[PDB]
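Asker: fold the stuff below for me.
(one chain, ligands or ions: 1)
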Amino acid sequence: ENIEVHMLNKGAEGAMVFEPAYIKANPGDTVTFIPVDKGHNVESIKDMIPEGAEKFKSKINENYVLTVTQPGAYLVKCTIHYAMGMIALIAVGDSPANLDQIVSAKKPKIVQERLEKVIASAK
Ligand SMILES: [Cu+2]
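Answerer: Numbering: from 1, shown residues only. There you are, the coordinates:
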């Protein structure tokens, strides 16, 4: 299956967001990131992707189709607006083994609050 994600300057949760910012997927699924607004990209955060998944980085303003394989949680960001809270969390499979680690990992205070909200009122 495919899951469409939009990158926007302004969304329900504020400025610089991924909608949806919580993505539940299965191995083999694809996630397509569409920058409806310009000046955005998608990139995996170091140490916040699973076991053997490979890191990735898209081009600014480009549509990017990610194929998810390894089960576990992935924290991704917009390289350009990471500091302002632009993140999305992808959960591949049930009970992702690295979720608690990611939630504890060090990262900007604004992304943390955003991350807390996506796991809470959502899932
Ligand atoms: Cu951005």
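Asker: in this protein, which residue is closest to the centre?
Answerer: Note on the chain: the residue nearest the mean C-alpha position is residue 88, at 2.6 Å, using C-alpha atoms, centre = their mean.
Asker: tell me who's in contact with that one.
Answerer: 5, 18, 20, 21, 22, 23, 42, 75, 76, 77, 118 (C-beta atoms under 8 Å, 6 or more residues apart in numbering). Where you see a C-beta, it was placed from the backbone N, CA and C, and this is true even at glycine.
Asker: try 7 Å
Answerer: The contact partners of residue 88, by C-beta atoms under 7 Å, 6 or more residues apart in numbering, come to 5, 18, 21, 23, 76.
Asker: now swap in residue 79 and tell me
Answerer: 41, 43.
Asker: can you check residue 39 too?
Answerer: 60, 80.
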